[PDB]
């Protein structure tokens, strides 16, 4: 794997630690979540992201972070705010936005000098 793949794997591992029950580990099915495919146009989950890293499909942290954002946004769209899934998505979203912030990335870049 390349350094960018390893960095994204790092971020993904840290984010998945925030989902110990594995609700974001694989695609949400309509059996699990009635009507989901009628509401959510562009599904995403951590497993799909892992596959995209392995398939070398992300060129940048920006592209990875967009998939991560989509995953949380989907959960916060389908599910109401009082639900397990909405609250967990929000928790993960905030963790990821901090982890992959411009300031965090600048700190990493400084150390790569």
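Numbering follows the first chain given and starts at 1. So that the term is clear: the rigid core is the largest set of C-alpha atoms that superpose within 1.5 Å between two forms.
Relative to the displayed structure, the C-alphas of 91 to 99 lie farther away on average in 9 other deposited structures of this protein than those of the other candidate, with 91 to 99 and 10 to 18 compared after rigid core superposition. Between 10 to 18 and 89 to 97, the higher mean Cα B-factor belongs to 10 to 18.
Mean CA B-factor, 51 to 59 versus 76 to 84: the higher value falls on 51 to 59. Residue 71: CA B factor in the lowest third of modelled residues in this chain (values from the PDB entry). Sort the modelled residues of the chain by CA B factor and residue 28 lands in the lowest third.
Ranked by Cα temperature factor within the chain, residue 41 sits in the highest third according to the deposited record.
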